[PDB]
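Participant: What follows is run-v5.cif, made up of mmCIF, C-alpha atoms (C1' of nucleotides):
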data_my_file
loop_
_atom_site.label_atom_id
_atom_site.label_comp_id
_atom_site.auth_asym_id
_atom_site.auth_seq_id
_atom_site.Cartn_x
_atom_site.Cartn_y
_atom_site.Cartn_z
CA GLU A 2 -14.06 -24.46 90.34
CA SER A 3 -17.50 -24.53 91.99
CA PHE A 4 -20.69 -22.68 91.12
CA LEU A 5 -21.59 -21.93 94.71
CA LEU A 6 -18.08 -20.86 95.57
CA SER A 7 -18.09 -18.28 92.80
CA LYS A 8 -21.32 -16.76 93.96
CA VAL A 9 -20.34 -16.72 97.59
CA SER A 10 -17.29 -14.79 96.42
CA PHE A 11 -19.30 -12.65 94.09
CA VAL A 12 -21.67 -11.86 96.94
CA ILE A 13 -18.79 -11.05 99.31
CA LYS A 14 -17.44 -8.66 96.70
CA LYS A 15 -20.91 -7.22 95.99
CA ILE A 16 -21.58 -6.38 99.63
CA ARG A 17 -18.10 -4.97 100.19
CA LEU A 18 -18.81 -2.53 97.37
CA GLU A 19 -22.43 -1.64 98.20
CA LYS A 20 -20.92 -0.57 101.53
CA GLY A 21 -17.97 1.27 100.01
CA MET A 22 -15.21 -0.82 101.60
CA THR A 23 -11.77 -1.61 100.31
CA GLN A 24 -10.36 -5.14 100.67
CA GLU A 25 -7.80 -3.68 103.02
CA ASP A 26 -10.64 -2.55 105.23
CA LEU A 27 -12.66 -5.76 104.97
CA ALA A 28 -9.54 -7.62 106.05
CA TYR A 29 -8.99 -5.25 109.01
CA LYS A 30 -12.62 -5.37 110.11
CA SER A 31 -12.85 -9.14 110.03
CA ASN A 32 -9.36 -9.70 111.46
CA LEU A 33 -8.21 -11.70 108.44
CA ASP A 34 -5.39 -11.34 105.90
CA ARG A 35 -5.81 -8.98 102.95
CA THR A 36 -4.26 -11.39 100.45
CA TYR A 37 -6.62 -13.95 101.95
CA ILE A 38 -9.55 -11.76 100.96
CA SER A 39 -8.16 -10.91 97.55
CA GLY A 40 -7.91 -14.62 96.96
CA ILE A 41 -11.53 -15.26 97.83
CA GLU A 42 -12.72 -12.39 95.64
CA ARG A 43 -10.84 -13.65 92.59
CA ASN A 44 -12.33 -16.93 93.91
CA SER A 45 -9.04 -18.72 94.55
CA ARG A 46 -10.29 -19.91 97.93
CA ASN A 47 -12.70 -22.48 99.21
CA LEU A 48 -13.81 -21.06 102.54
CA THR A 49 -14.97 -22.93 105.53
CA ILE A 50 -18.18 -21.82 107.17
CA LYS A 51 -16.14 -20.38 110.03
CA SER A 52 -14.23 -18.13 107.68
CA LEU A 53 -17.36 -17.10 105.90
CA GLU A 54 -18.71 -16.14 109.31
CA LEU A 55 -15.78 -13.89 109.99
CA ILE A 56 -16.21 -12.17 106.64
CA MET A 57 -19.85 -11.58 107.42
CA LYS A 58 -18.78 -10.01 110.74
CA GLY A 59 -16.34 -7.84 108.85
CA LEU A 60 -18.94 -6.80 106.29
CA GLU A 61 -21.33 -6.25 109.21
CA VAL A 62 -24.07 -8.31 107.67
CA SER A 63 -26.11 -10.91 109.42
CA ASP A 64 -26.04 -14.51 108.27
CA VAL A 65 -29.59 -14.11 107.10
CA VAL A 66 -28.99 -11.07 104.96
CA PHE A 67 -25.97 -12.75 103.44
CA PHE A 68 -27.92 -15.82 102.54
CA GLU A 69 -30.93 -13.90 101.31
CA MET A 70 -28.49 -12.17 98.96
CA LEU A 71 -26.62 -15.29 97.97
CA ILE A 72 -29.88 -16.92 96.96
CA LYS A 73 -30.91 -14.01 94.82
CA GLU A 74 -27.50 -13.92 93.24
CA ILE A 75 -27.70 -17.67 92.61
CA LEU A 76 -30.80 -17.35 90.42
CA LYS A 77 -28.97 -15.43 87.64
CA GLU B 2 -17.83 -22.73 119.04
CA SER B 3 -19.49 -21.26 115.92
CA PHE B 4 -23.04 -19.99 115.51
CA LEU B 5 -23.48 -20.72 111.81
CA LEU B 6 -21.93 -24.17 112.00
CA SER B 7 -24.32 -25.79 114.40
CA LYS B 8 -27.11 -24.32 112.29
CA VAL B 9 -25.57 -25.79 109.15
CA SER B 10 -25.04 -29.00 111.12
CA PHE B 11 -28.65 -29.06 112.30
CA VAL B 12 -30.11 -28.48 108.83
CA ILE B 13 -28.05 -31.22 107.21
CA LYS B 14 -29.42 -33.74 109.70
CA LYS B 15 -32.96 -32.38 109.55
CA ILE B 16 -33.16 -32.76 105.79
CA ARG B 17 -31.46 -36.13 105.90
CA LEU B 18 -34.15 -37.53 108.21
CA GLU B 19 -36.94 -35.76 106.38
CA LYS B 20 -35.82 -37.76 103.34
CA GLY B 21 -35.63 -41.01 105.28
CA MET B 22 -31.92 -41.28 104.55
CA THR B 23 -29.37 -42.74 106.86
CA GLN B 24 -25.89 -41.40 107.39
CA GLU B 25 -24.68 -44.34 105.34
CA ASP B 26 -26.85 -43.41 102.34
CA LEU B 27 -25.85 -39.78 102.69
CA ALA B 28 -22.11 -40.24 102.93
CA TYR B 29 -22.74 -42.50 100.05
CA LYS B 30 -24.19 -40.03 97.66
CA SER B 31 -22.04 -37.18 98.89
CA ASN B 32 -18.97 -39.25 98.22
CA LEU B 33 -17.65 -38.41 101.68
CA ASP B 34 -16.80 -40.88 104.47
CA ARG B 35 -19.67 -41.95 106.79
CA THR B 36 -17.34 -40.88 109.53
CA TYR B 37 -17.44 -37.32 108.16
CA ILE B 38 -21.23 -37.11 107.89
CA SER B 39 -21.36 -38.35 111.48
CA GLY B 40 -18.67 -35.89 112.46
CA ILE B 41 -20.62 -33.00 110.97
CA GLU B 42 -23.95 -33.80 112.60
CA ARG B 43 -22.31 -34.79 115.89
CA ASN B 44 -19.82 -32.08 116.70
CA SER B 45 -20.85 -29.45 114.14
CA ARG B 46 -17.53 -29.74 112.21
CA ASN B 47 -16.14 -26.88 110.13
CA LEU B 48 -16.77 -27.85 106.57
CA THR B 49 -15.75 -26.23 103.39
CA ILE B 50 -18.25 -24.73 100.90
CA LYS B 51 -17.20 -27.44 98.42
CA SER B 52 -17.96 -30.13 100.96
CA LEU B 53 -21.24 -28.49 101.83
CA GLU B 54 -22.05 -28.48 98.12
CA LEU B 55 -21.38 -32.19 97.89
CA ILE B 56 -23.68 -32.80 100.81
CA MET B 57 -26.42 -30.76 99.22
CA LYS B 58 -26.10 -32.88 96.09
CA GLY B 59 -26.16 -35.91 98.36
CA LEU B 60 -29.33 -34.78 100.14
CA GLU B 61 -30.82 -34.49 96.66
CA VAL B 62 -31.58 -30.84 97.45
CA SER B 63 -30.64 -27.53 95.73
CA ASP B 64 -28.35 -24.70 96.84
CA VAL B 65 -31.39 -22.51 97.16
CA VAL B 66 -33.61 -24.93 99.07
CA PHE B 67 -30.82 -25.59 101.54
CA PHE B 68 -30.11 -21.97 102.20
CA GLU B 69 -33.83 -21.29 102.58
CA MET B 70 -34.03 -23.85 105.35
CA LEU B 71 -30.77 -22.53 106.76
CA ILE B 72 -32.36 -19.12 107.04
CA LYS B 73 -35.39 -20.65 108.76
CA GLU B 74 -33.33 -22.54 111.36
CA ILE B 75 -31.27 -19.42 112.15
CA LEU B 76 -34.48 -17.45 112.72
CA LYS B 77 -35.96 -19.73 115.31
CA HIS B 78 -37.27 -19.65 118.86
CA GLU C 2 -14.19 -68.18 126.14
CA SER C 3 -14.06 -70.81 123.35
CA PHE C 4 -10.88 -72.43 122.03
CA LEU C 5 -11.94 -72.90 118.43
CA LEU C 6 -13.59 -69.50 118.09
CA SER C 7 -10.53 -67.40 118.68
CA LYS C 8 -8.80 -69.69 116.19
CA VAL C 9 -11.55 -69.11 113.64
CA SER C 10 -11.55 -65.37 114.30
CA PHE C 11 -7.76 -65.29 114.05
CA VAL C 12 -7.80 -67.01 110.66
CA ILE C 13 -10.51 -64.80 109.22
CA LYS C 14 -8.35 -61.78 110.03
CA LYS C 15 -5.16 -63.41 108.79
CA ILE C 16 -6.66 -64.13 105.39
CA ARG C 17 -8.36 -60.75 105.26
CA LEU C 18 -5.02 -58.99 105.61
CA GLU C 19 -3.18 -61.43 103.36
CA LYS C 20 -5.65 -60.53 100.60
CA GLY C 21 -5.15 -56.84 101.34
CA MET C 22 -8.83 -56.48 102.16
CA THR C 23 -10.30 -54.12 104.67
CA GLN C 24 -13.04 -55.07 107.07
CA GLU C 25 -15.77 -53.26 105.26
CA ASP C 26 -14.99 -54.75 101.86
CA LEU C 27 -15.21 -58.17 103.45
CA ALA C 28 -18.41 -57.09 105.18
CA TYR C 29 -19.83 -56.34 101.75
CA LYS C 30 -18.53 -59.34 99.85
CA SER C 31 -19.71 -61.63 102.69
CA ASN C 32 -23.13 -60.03 102.64
CA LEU C 33 -23.07 -59.46 106.38
CA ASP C 34 -23.07 -56.32 108.54
CA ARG C 35 -20.07 -53.97 108.75
CA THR C 36 -19.96 -54.35 112.53
CA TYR C 37 -20.28 -58.13 112.46
CA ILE C 38 -16.95 -58.58 110.69
CA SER C 39 -15.45 -56.25 113.26
CA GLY C 40 -17.11 -58.04 116.13
CA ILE C 41 -15.87 -61.42 114.93
CA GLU C 42 -12.25 -60.33 114.75
CA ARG C 43 -12.37 -57.79 117.59
CA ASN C 44 -13.69 -59.89 120.36
CA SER C 45 -14.38 -63.29 119.12
CA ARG C 46 -18.05 -63.97 118.37
CA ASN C 47 -19.88 -67.26 118.02
CA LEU C 48 -20.76 -67.55 114.38
CA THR C 49 -22.83 -70.00 112.54
CA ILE C 50 -21.54 -72.41 109.89
CA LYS C 51 -23.72 -70.57 107.34
CA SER C 52 -22.18 -67.27 108.35
CA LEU C 53 -18.70 -68.76 108.30
CA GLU C 54 -19.43 -69.97 104.77
CA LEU C 55 -20.46 -66.48 103.72
CA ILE C 56 -17.24 -65.11 105.07
CA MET C 57 -15.24 -67.76 103.23
CA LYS C 58 -16.91 -66.80 99.99
CA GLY C 59 -16.07 -63.21 100.95
CA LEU C 60 -12.42 -63.89 101.67
CA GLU C 61 -12.52 -65.35 98.16
CA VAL C 62 -11.27 -68.61 99.63
CA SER C 63 -12.49 -72.23 99.52
CA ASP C 64 -13.97 -74.23 102.44
CA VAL C 65 -11.01 -76.52 102.06
CA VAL C 66 -8.14 -74.01 102.17
CA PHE C 67 -9.89 -72.18 105.01
CA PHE C 68 -9.97 -75.31 107.11
CA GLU C 69 -6.38 -76.11 106.13
CA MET C 70 -5.27 -72.77 107.57
CA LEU C 71 -7.55 -73.35 110.54
CA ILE C 72 -5.76 -76.60 111.31
CA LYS C 73 -2.37 -74.90 111.04
CA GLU C 74 -3.38 -72.17 113.48
CA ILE C 75 -4.72 -74.63 116.03
CA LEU C 76 -1.35 -76.42 115.86
CA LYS C 77 0.80 -73.53 117.07
CA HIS C 78 3.36 -72.75 119.79
CA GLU D 2 -29.64 -75.53 102.80
CA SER D 3 -25.83 -75.37 102.80
CA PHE D 4 -23.17 -77.64 101.35
CA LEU D 5 -20.75 -77.19 104.23
CA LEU D 6 -23.47 -77.57 106.78
CA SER D 7 -24.41 -80.88 105.17
CA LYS D 8 -20.88 -82.18 105.13
CA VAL D 9 -20.41 -81.09 108.73
CA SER D 10 -23.51 -83.03 109.73
CA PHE D 11 -22.50 -86.01 107.68
CA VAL D 12 -19.10 -85.98 109.35
CA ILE D 13 -20.64 -85.76 112.83
CA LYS D 14 -22.79 -88.78 112.00
CA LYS D 15 -19.85 -90.63 110.39
CA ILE D 16 -17.62 -90.28 113.44
CA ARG D 17 -20.47 -91.18 115.75
CA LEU D 18 -20.87 -94.47 113.88
CA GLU D 19 -17.21 -95.45 113.44
CA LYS D 20 -17.14 -95.12 117.24
CA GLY D 21 -20.28 -97.24 117.59
CA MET D 22 -22.15 -94.47 119.45
CA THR D 23 -25.84 -93.88 119.59
CA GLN D 24 -27.32 -90.37 119.32
CA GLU D 25 -28.65 -90.82 122.82
CA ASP D 26 -25.11 -91.43 123.96
CA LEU D 27 -23.64 -88.63 121.85
CA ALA D 28 -26.03 -86.21 123.52
CA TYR D 29 -25.29 -87.56 127.04
CA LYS D 30 -21.56 -87.25 126.44
CA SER D 31 -21.65 -83.66 125.31
CA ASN D 32 -24.56 -82.49 127.48
CA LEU D 33 -26.87 -81.37 124.72
CA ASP D 34 -30.39 -82.46 123.79
CA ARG D 35 -30.85 -85.69 121.86
CA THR D 36 -33.44 -84.10 119.59
CA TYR D 37 -30.86 -81.40 119.02
CA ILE D 38 -28.32 -83.97 117.86
CA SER D 39 -30.92 -85.77 115.82
CA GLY D 40 -31.73 -82.51 114.11
CA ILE D 41 -28.16 -81.78 113.10
CA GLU D 42 -27.69 -85.26 111.61
CA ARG D 43 -30.84 -84.94 109.50
CA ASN D 44 -29.24 -81.61 108.54
CA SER D 45 -32.00 -79.48 110.04
CA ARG D 46 -29.65 -77.37 112.15
CA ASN D 47 -27.21 -74.60 111.44
CA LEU D 48 -24.93 -74.94 114.39
CA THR D 49 -22.54 -72.43 115.83
CA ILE D 50 -18.88 -73.07 116.36
CA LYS D 51 -19.54 -73.32 120.09
CA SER D 52 -22.04 -76.08 119.55
CA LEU D 53 -19.86 -77.79 117.02
CA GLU D 54 -17.18 -77.75 119.69
CA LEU D 55 -19.35 -79.40 122.26
CA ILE D 56 -20.15 -82.12 119.79
CA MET D 57 -16.49 -82.75 119.06
CA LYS D 58 -15.84 -83.10 122.78
CA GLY D 59 -18.78 -85.47 123.00
CA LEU D 60 -17.40 -87.46 120.09
CA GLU D 61 -14.00 -87.47 121.83
CA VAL D 62 -12.27 -86.07 118.80
CA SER D 63 -9.84 -83.24 118.49
CA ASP D 64 -10.65 -80.18 116.41
CA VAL D 65 -7.88 -81.11 114.04
CA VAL D 66 -9.04 -84.67 113.47
CA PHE D 67 -12.53 -83.38 112.80
CA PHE D 68 -11.45 -80.90 110.21
CA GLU D 69 -9.02 -83.30 108.61
CA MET D 70 -12.07 -85.50 108.13
CA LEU D 71 -14.33 -82.69 107.09
CA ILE D 72 -11.90 -81.70 104.37
CA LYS D 73 -11.73 -85.22 103.03
CA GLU D 74 -15.47 -85.61 103.02
CA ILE D 75 -15.76 -82.25 101.23
CA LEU D 76 -13.69 -83.63 98.36
CA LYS D 77 -16.31 -86.20 97.21
"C1'" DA E 1 -5.05 0.41 96.94
"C1'" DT E 2 -5.22 -4.75 94.72
"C1'" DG E 3 -2.95 -9.19 92.72
"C1'" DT E 4 0.61 -12.41 92.45
"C1'" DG E 5 3.60 -16.30 93.95
"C1'" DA E 6 5.49 -19.21 96.88
"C1'" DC E 7 6.28 -20.89 101.34
"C1'" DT E 8 4.90 -22.92 106.34
"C1'" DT E 9 1.23 -24.67 109.79
"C1'" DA E 10 -2.98 -25.56 111.01
"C1'" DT E 11 -6.81 -28.13 110.08
"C1'" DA E 12 -10.26 -30.12 106.82
"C1'" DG E 13 -11.09 -34.55 104.94
"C1'" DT E 14 -9.72 -39.56 104.40
"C1'" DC E 15 -9.16 -44.21 105.77
"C1'" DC E 16 -9.41 -48.23 108.77
"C1'" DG E 17 -10.94 -49.65 112.82
"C1'" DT E 18 -13.42 -49.99 117.82
"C1'" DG E 19 -17.60 -50.25 120.80
"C1'" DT E 20 -22.66 -49.76 121.58
"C1'" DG E 21 -27.49 -49.56 122.44
"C1'" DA E 22 -32.05 -51.48 119.98
"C1'" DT E 23 -34.35 -54.26 117.00
"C1'" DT E 24 -35.16 -58.72 114.16
"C1'" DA E 25 -34.12 -63.48 112.78
"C1'" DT E 26 -32.86 -67.61 114.32
"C1'" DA E 27 -30.10 -71.17 117.06
"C1'" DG E 28 -30.25 -73.21 121.51
"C1'" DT E 29 -32.87 -76.10 124.71
"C1'" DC E 30 -36.56 -78.71 126.04
"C1'" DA E 31 -41.67 -80.10 126.03
"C1'" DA E 32 -45.25 -84.40 123.72
"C1'" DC E 33 -45.85 -88.01 120.94
"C1'" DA E 34 -43.96 -90.88 116.92
"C1'" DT E 35 -41.96 -94.88 115.10
"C1'" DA F 1 -33.29 -96.51 120.04
"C1'" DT F 2 -34.35 -92.23 116.36
"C1'" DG F 3 -37.81 -88.66 114.14
"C1'" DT F 4 -40.86 -84.75 114.07
"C1'" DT F 5 -43.98 -81.05 115.65
"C1'" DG F 6 -44.43 -77.08 118.11
"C1'" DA F 7 -43.01 -74.39 121.65
"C1'" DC F 8 -40.13 -70.84 124.67
"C1'" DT F 9 -35.74 -68.00 125.29
"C1'" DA F 10 -31.25 -67.10 124.53
"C1'" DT F 11 -28.44 -65.21 121.34
"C1'" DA F 12 -26.79 -64.75 116.47
"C1'" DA F 13 -27.15 -61.26 113.22
"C1'" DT F 14 -28.87 -56.63 111.64
"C1'" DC F 15 -29.14 -51.62 111.43
"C1'" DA F 16 -28.18 -46.81 112.52
"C1'" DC F 17 -24.79 -44.46 115.10
"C1'" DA F 18 -20.76 -42.65 117.95
"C1'" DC F 19 -15.81 -42.26 118.60
"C1'" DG F 20 -10.74 -42.64 118.15
"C1'" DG F 21 -6.14 -42.50 116.02
"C1'" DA F 22 -3.15 -41.86 111.88
"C1'" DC F 23 -2.52 -40.40 107.71
"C1'" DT F 24 -3.15 -37.14 103.35
"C1'" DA F 25 -4.93 -33.13 101.03
"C1'" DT F 26 -5.72 -28.50 101.41
"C1'" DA F 27 -7.39 -24.15 103.75
"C1'" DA F 28 -5.67 -20.88 106.92
"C1'" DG F 29 -2.56 -17.39 107.77
"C1'" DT F 30 1.94 -14.65 106.66
"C1'" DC F 31 6.30 -13.30 103.83
"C1'" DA F 32 8.01 -10.72 99.55
"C1'" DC F 33 7.07 -8.11 95.19
"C1'" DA F 34 4.60 -6.82 91.84
"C1'" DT F 35 0.91 -3.10 89.82
#
Here is the file; what I need is its structure written in the form of structure tokens.
Facilitator:
Amino acid sequence: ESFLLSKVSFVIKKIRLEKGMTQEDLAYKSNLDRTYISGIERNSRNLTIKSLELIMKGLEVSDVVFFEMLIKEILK
Amino acid sequence: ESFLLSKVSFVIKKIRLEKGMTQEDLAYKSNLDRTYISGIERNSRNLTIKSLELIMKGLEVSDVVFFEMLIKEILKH
Amino acid sequence: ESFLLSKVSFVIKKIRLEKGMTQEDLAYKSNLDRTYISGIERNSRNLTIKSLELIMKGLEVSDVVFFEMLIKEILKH
Amino acid sequence: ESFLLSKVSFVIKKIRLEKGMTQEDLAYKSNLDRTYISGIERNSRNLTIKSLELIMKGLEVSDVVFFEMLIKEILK
DNA sequence: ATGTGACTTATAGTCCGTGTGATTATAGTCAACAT
DNA sequence: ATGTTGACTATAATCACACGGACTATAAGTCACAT
């Protein structure tokens, strides 16, 4: 697997939780598949930017906040 | 098309020129086709995080540094 | 345009495919531009004996056997 | 300089002589410059196929006969 | 609720080639004077 | 006759790039069945 990919996924999971969402609800909100999301969170998926963008919409988080977070997460 | 993509697209080119690289050099070190590097910069193609990671390694730049410039380009007017 | 040129350009391609090479290998091995190899085959282009020699070295072929295949191509109907 | 380019030039000179032609006449017959011809024969020019072709027409020699000769000259 | 697996279908990514403006090196062509 | 030296100017040859079609790998999106 990839280092970045795991932290993207970790971040996605982090934010979903800090907000109190279920996967079911992140899937609904972003108009994507729930198993799709589960896959990403166990990090069994290699998103495209577009997909990442949809997940950010679903999380209701701007690109900037996401990347600010991803950076922080990246530095152990 | 996509907001984030053209930003990612823009930043890949910006860095590449800042480092005096050519598409040929880049696609070189990213072990992607020079067609793909062109494709990305040209028509903001929808790359995968893994591919983006390869390009970062190609640009001889870190995850962090890239995303910090990404944030800057998004914030601009 | 020129009789001999399209014969030369035909034979460069023939050999290139016979040896299972691609254009951009040959462009490397011949120590000439990517687009020049294309341009020679694609249209014809008016190359120099020195450049022709480089290509022959690149096709991994001798002056002699090149010209022998050149003669054969000229002689065709 | 180049081996091939030398043998080419030598051949051009050879054929010119076996036909009893002067350079002046070889240049008239192919409409090129006499100093141009001179230059090739003293191996100071790297001609293009197009030019080579004009010289063959000026020598009144077919492409095939030229290369047949060029091959033989190439083999010592 | 979340996590599998496995199975299509869209598309990301590859591979080989075409065609092009802009710049640099050099062949094409023609002087003057040689011998 | 041929040789040589500068020249000017056409174009060979370079360099960075765009663009397309066809093919291969894989992400996108949806089932069934776990827990």
Participant: Between atom CA of residue C:44 and atom CA of residue B:36, what distance in Å does the model show, to one decimal?
Facilitator: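 So the answer is 22.2 Å.
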Participant: Residues of chain E within 12 Å of chain B, counting only C-alpha atoms (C1' of nucleotides) - could you list those as a ChimeraX atom specification?
Facilitator: /E:11-17
Participant: Rounded to one decimal place, report the atom CA of residue A:59-atom CA of residue A:30 distance in Å.
Facilitator: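 Distance between the two atoms: 4.6 Å.
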Participant: Find the residues of chain F in contact range of chain D, meaning any atom within 9 Å when counting all atoms listed in the file, and list them as JSON, numbers by chain.
Facilitator: {"F": [1, 2, 3, 12]}
Participant: I'm after chain D in the frame of chain A: fit it by least squares over all Cα atoms matched in order, and give me the output as a CSV table (one decimal) with C-alpha atoms, keeping the file's coordinate frame.
Facilitator:
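And here is the file that came out, superposed25.csv:
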chain,number,residue,atom,x,y,z
D,2,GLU,CA,-14.0,-24.6,90.5
D,3,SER,CA,-17.4,-24.5,92.0
D,4,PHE,CA,-20.6,-22.6,91.1
D,5,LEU,CA,-21.6,-21.9,94.7
D,6,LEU,CA,-18.1,-21.0,95.7
D,7,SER,CA,-18.2,-18.4,92.9
D,8,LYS,CA,-21.5,-16.9,93.8
D,9,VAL,CA,-20.4,-16.8,97.5
D,10,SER,CA,-17.3,-14.9,96.4
D,11,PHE,CA,-19.2,-12.6,94.1
D,12,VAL,CA,-21.6,-11.9,96.9
D,13,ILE,CA,-18.8,-11.1,99.4
D,14,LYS,CA,-17.4,-8.6,96.8
D,15,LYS,CA,-20.8,-7.2,96.0
D,16,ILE,CA,-21.6,-6.4,99.6
D,17,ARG,CA,-18.1,-5.0,100.2
D,18,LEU,CA,-18.8,-2.5,97.4
D,19,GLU,CA,-22.3,-1.5,98.1
D,20,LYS,CA,-20.8,-0.6,101.5
D,21,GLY,CA,-18.0,1.3,99.9
D,22,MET,CA,-15.3,-0.8,101.6
D,23,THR,CA,-11.9,-1.6,100.4
D,24,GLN,CA,-10.4,-5.1,100.7
D,25,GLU,CA,-7.8,-3.7,103.0
D,26,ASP,CA,-10.6,-2.5,105.2
D,27,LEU,CA,-12.6,-5.7,104.9
D,28,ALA,CA,-9.6,-7.6,106.2
D,29,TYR,CA,-8.9,-5.1,109.1
D,30,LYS,CA,-12.6,-5.3,110.2
D,31,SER,CA,-12.7,-9.1,110.3
D,32,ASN,CA,-9.1,-9.7,111.4
D,33,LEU,CA,-8.0,-11.8,108.4
D,34,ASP,CA,-5.3,-11.4,105.9
D,35,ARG,CA,-5.8,-9.0,103.0
D,36,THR,CA,-4.3,-11.4,100.5
D,37,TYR,CA,-6.7,-13.9,101.9
D,38,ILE,CA,-9.6,-11.7,101.1
D,39,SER,CA,-8.2,-10.9,97.8
D,40,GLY,CA,-8.0,-14.5,97.0
D,41,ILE,CA,-11.6,-15.3,97.8
D,42,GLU,CA,-12.8,-12.4,95.6
D,43,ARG,CA,-10.8,-13.7,92.7
D,44,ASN,CA,-12.4,-17.0,93.6
D,45,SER,CA,-9.2,-18.7,94.4
D,46,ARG,CA,-10.3,-19.9,97.9
D,47,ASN,CA,-12.6,-22.5,99.1
D,48,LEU,CA,-13.5,-21.1,102.5
D,49,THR,CA,-15.0,-22.8,105.5
D,50,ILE,CA,-18.1,-21.8,107.2
D,51,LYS,CA,-16.0,-20.4,110.0
D,52,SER,CA,-14.2,-18.1,107.7
D,53,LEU,CA,-17.3,-17.2,105.8
D,54,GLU,CA,-18.6,-16.2,109.2
D,55,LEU,CA,-15.7,-13.9,110.0
D,56,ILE,CA,-16.2,-12.2,106.7
D,57,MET,CA,-19.9,-11.6,107.3
D,58,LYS,CA,-19.0,-10.0,110.7
D,59,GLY,CA,-16.4,-7.9,108.9
D,60,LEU,CA,-18.9,-6.9,106.3
D,61,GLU,CA,-21.3,-6.1,109.2
D,62,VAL,CA,-24.0,-8.2,107.8
D,63,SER,CA,-26.2,-10.8,109.4
D,64,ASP,CA,-26.1,-14.4,108.3
D,65,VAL,CA,-29.6,-14.1,107.1
D,66,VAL,CA,-29.1,-11.0,105.0
D,67,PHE,CA,-26.1,-12.7,103.4
D,68,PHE,CA,-27.9,-15.8,102.4
D,69,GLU,CA,-31.0,-13.9,101.2
D,70,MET,CA,-28.5,-12.2,98.9
D,71,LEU,CA,-26.7,-15.3,98.0
D,72,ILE,CA,-29.9,-17.0,97.0
D,73,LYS,CA,-30.9,-14.1,94.8
D,74,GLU,CA,-27.5,-14.0,93.1
D,75,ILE,CA,-27.7,-17.8,92.5
D,76,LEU,CA,-30.9,-17.2,90.5
D,77,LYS,CA,-29.1,-15.4,87.6
Participant: Could you expand the PyMOL selection byres ((chain E and resi 5) around 10) into the explicit residues it covers here, written as a list in words?
Facilitator: residues 3, 4, 6 and 7 of chain E; 32, 33 and 34 of chain F
Participant: Residue by residue, what does the PyMOL selection byres ((chain E and resi 23-30) around 7) grab here? Present the result as a list in words.
Facilitator: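 Selected by the PyMOL selection byres ((chain E and resi 23-30) around 7) here: residues 34 and 48 of chain D; 22 and 31 of chain E; 10 of chain F.
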Participant: To one decimal in Å, tell me the separation between atom CA of residue B:45 and atom CA of residue B:10.
Facilitator: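 Straight-line distance from atom CA of residue B:45 to atom CA of residue B:10 works out to 5.2 Å.
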Participant: At a cut-off of 8 Å around the point (-11.3, -10.9, 110.4) (file coordinates), what residues fall inside when counting only C-alpha atoms (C1' of nucleotides)? I'd like the answer as a PyMOL selection string.
Facilitator: chain A and resi 27-34+55-56+58-59
Participant: Counting all atoms listed in the file, which of C:11, C:61, C:17, C:35 gets nearest to chain B?
Facilitator: C:35
Participant: Carefully work through the PyMOL selection byres ((chain C and resi 26) around 10) for this structure and note down the residues it includes, as a list in words.
Facilitator: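 Answer for the PyMOL selection byres ((chain C and resi 26) around 10): residues 17, 22, 23, 24, 25, 27, 28, 29, 30, 31, 32, 35, 38, 59 and 60 of chain C.
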Participant: Please identify every residue of chain B that has at least one atom no farther than 10 Å from an atom of chain A, counting only C-alpha atoms, and for each give the shortest atom pair and the distance in Å to one decimal, arranged by chain then increasing number, as a Markdown table.
Facilitator:
| residue | atom | partner | partner_atom | distance |
| --- | --- | --- | --- | --- |
| B:2 | CA | A:51 | CA | 9.5 |
| B:3 | CA | A:51 | CA | 6.8 |
| B:4 | CA | A:54 | CA | 8.5 |
| B:5 | CA | A:54 | CA | 7.1 |
| B:6 | CA | A:50 | CA | 6.6 |
| B:9 | CA | A:50 | CA | 8.6 |
| B:46 | CA | A:50 | CA | 9.4 |
| B:47 | CA | A:49 | CA | 6.2 |
| B:48 | CA | A:49 | CA | 5.3 |
| B:49 | CA | A:49 | CA | 4.0 |
| B:50 | CA | A:49 | CA | 6.0 |
| B:51 | CA | A:47 | CA | 6.7 |
| B:52 | CA | A:49 | CA | 9.0 |
| B:53 | CA | A:50 | CA | 9.1 |
| B:54 | CA | A:5 | CA | 7.4 |
| B:64 | CA | A:5 | CA | 7.6 |
| B:65 | CA | A:72 | CA | 5.8 |
| B:66 | CA | A:72 | CA | 9.1 |
| B:67 | CA | A:72 | CA | 9.9 |
| B:68 | CA | A:68 | CA | 6.5 |
| B:69 | CA | A:69 | CA | 8.0 |
| B:71 | CA | A:68 | CA | 8.4 |
| B:72 | CA | A:65 | CA | 5.7 |
| B:73 | CA | A:65 | CA | 8.9 |
| B:75 | CA | A:65 | CA | 7.5 |
| B:76 | CA | A:65 | CA | 8.2 |
Participant: Got a sec to pull out which chain F residues are within 12 Å of chain B, counting all atoms listed in the file, and send them as a ChimeraX atom specification?
Facilitator: /F:15-20,26-28
Participant: How big is the axis-aligned box, and where does its centre sit, when it encloses all atoms of stretch 13-19 of chain A listed in the file and has 3 Å added on every side, reported in Å to one decimal as AutoDock Vina command-line options?
Facilitator:
--center_x -19.9 --center_y -6.3 --center_z 98.1 --size_x 11.0 --size_y 15.4 --size_z 10.2
Participant: Which residue is closest to residue D:7? Choose from D:70, D:41, D:60, D:77 and count all atoms listed in the file.
Facilitator: D:41
